[PDB]
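Architecture at a glance
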Amino acid sequence: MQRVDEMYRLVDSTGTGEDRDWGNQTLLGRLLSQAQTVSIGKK
Amino acid sequence: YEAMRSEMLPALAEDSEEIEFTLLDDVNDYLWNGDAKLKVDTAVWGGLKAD
Amino acid sequence: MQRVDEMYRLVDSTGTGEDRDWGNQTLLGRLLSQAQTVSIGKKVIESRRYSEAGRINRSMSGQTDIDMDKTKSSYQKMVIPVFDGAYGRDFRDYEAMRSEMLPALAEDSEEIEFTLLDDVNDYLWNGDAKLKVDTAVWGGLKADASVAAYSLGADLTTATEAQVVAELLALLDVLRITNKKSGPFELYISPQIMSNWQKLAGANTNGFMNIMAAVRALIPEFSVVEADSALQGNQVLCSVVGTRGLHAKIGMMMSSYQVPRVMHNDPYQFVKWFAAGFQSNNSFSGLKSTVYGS
């Protein structure tokens, strides 16, 4: 690692993600928490 | 992926938490805008601002 | 298990394939036994070559302001490609041939692995210009810019005893004089020359172990003097092997596996693959280390 021509860069590998919105999925977060579960195939 | 396993850089882990956000985003585009292309007999949805 | 019109016949299994060659993989058998193993995915292996240093000063009293130095650096790069090969039969055939317990796999996984290395042996001498990452081509042991080219004057297939040693030292002095290299060398001959160097000059003038007469008696620097079928005709090659000279780095060692069968009529298939790369060492000062004769 770190070719001695450079050797001066502490390159980090964390990522620091990507933020959400403030009010992105507030309605859908309430519907999918009170939802009834049916079987697949029932269209 | 065998190269990025050597440097211990997580790259599939930064995709499980980036599709699951996008998958719950286009089920959010179906709530607020609907889709007319999914109709069985008369059960369209149309969207929360055109139904 | 036999007819009655074929009881005199005694067809025996465990046959033979083909005998390889005279000196087939002698050089590659030495490189891949001293090779360093790196991880897969590393396509370019840049290595460092520092310089020499130091200013000294003599004195009688000894206190004359001792003076310091350090070393510079530069890099030289190689490349690691991947080789692969496969083989396979159908479903109705292999169930017919298996009822007599014929070792048909061992007469195929030894005759595909052999021609797998026989394409690596082609990449060593006539390496393809199709695998280049940034500037790390290989080019081959007879066309590279990292290999010293030296033209022979006298044909080594028809010359006498005296013109051989007079034109073998002129090859070795492109490593001791104009390229400053030292250490244990070795020498690789084409078989048409070695059929001449034993035709005369050996079994006609005193004999005495002409292979080893320039190994530990007269020339201790020539460690191994063997033939190689990749050189054909009037061509030789002298170089250093080891980490300071011609060396090889293995990406993934030679492994094999079977493609699994899903249905009942899936054909049998097996895959062998391999990955390694070659480079001849240059110094920091630009001193080459391999000579290819004509």
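Residues numbered from 1 in each chain as written, not as in the entry; some residues may be left out. Chains lettered and ligands numbered in written order. Part of a larger assembly, values for the part shown. Heavy atoms only, no water.

cryo-EM is the method the PDB entry lists for this structure, together with a resolution of 3.6 Å.

**Quick word on the layout of surface pockets**
Approximately 890 Å³ is the volume found for the largest pocket. Forming the walls of the largest pocket are 18 residues, and the residues nearest its centre are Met1(A), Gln2(A), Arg3(A), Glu7(B) and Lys42(C). When grouped by side-chain class, the residues that make up the lining of the largest pocket number eight nonpolar, two polar and eight charged. What the second largest pocket holds in volume is close to 630 Å³. Every residue lining the second largest pocket is counted, 24 residues in all, and those nearest its centre are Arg49(C), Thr243(C), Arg244(C), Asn281(C) and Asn282(C). Contributions of two or more residues to the lining of the second largest pocket are made by β2 (46-48) and β9 (246-258) of chain C. (1 Å grid on protein atoms, 1.4 Å probe; cavity = no way out; pocket = protein on both sides within 12 Å on 5 of 7 lines; lining within 4 Å. Points joined across faces, edges and corners; volume = space filled by probe spheres on them. Nonpolar A, V, L, I, M, F, W, Y, C, P; charged D, E, K, R; others polar. Helix = DSSP H or I, 4+ residues; strand = E, 2+ residues; numbered from the N terminus.)

**As for the interface of chain A and chain B**
Residue-level contacts link 11 residues of chain A with 14 residues of chain B. Summed over both sides, the interface of chain A with chain B buries roughly 970 Å², with 56% coming from carbon and sulfur. Put simply, chain A and chain B have zero salt bridges between them. At the surface where chain A touches chain B, the tally comes to one residue pair in polar contact. In terms of residue class, the side of chain A that touches chain B is built from four nonpolar, five polar and two charged. (Contact = heavy atoms within 4.5 Å. Buried area = accessible area lost by both parts, 1.4 Å probe. Salt bridge = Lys/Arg side-chain N within 4 Å of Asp/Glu carboxyl O. Polar contact = N/O pair within 3.5 Å; in protein donor to acceptor, adjacent residues only side chain to side chain.)

**Looking at the packing of aromatic side chains**
This structure, assessed with the given rule, holds four aromatic pairs over all chains. Here the aromatic rings of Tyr87(C) and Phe270(C) are separated by 5.4 Å at their centres, their planes lie at 15°, and the arrangement is stacked. Placement of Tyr87(C) in strand β4 (residues 82-89) and of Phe270(C) in strand β10 (residues 268-280) is noted, with a sequence separation of 183 residues between them. Residue class for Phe270(C) comes out buried when judged on its relative accessible area of 16%. In textbook terms, an aromatic cluster arises when at least three aromatic residues are bridged by ring pairs, as seen for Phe83(C), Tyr123(C) and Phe278(C). One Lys or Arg, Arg3(A), reaches over the ring of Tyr75(C) and ends 5.6 Å from the middle of that ring. (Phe/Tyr/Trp six-rings, centres within 6.5 Å; stacked < 30°, edge-to-face > 60°. Buried < 20%, exposed > 50% of the residue type's maximum accessible area, 1.4 Å probe, protein only. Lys NZ or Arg CZ within 6 Å of the ring centre and 35° of its normal.)

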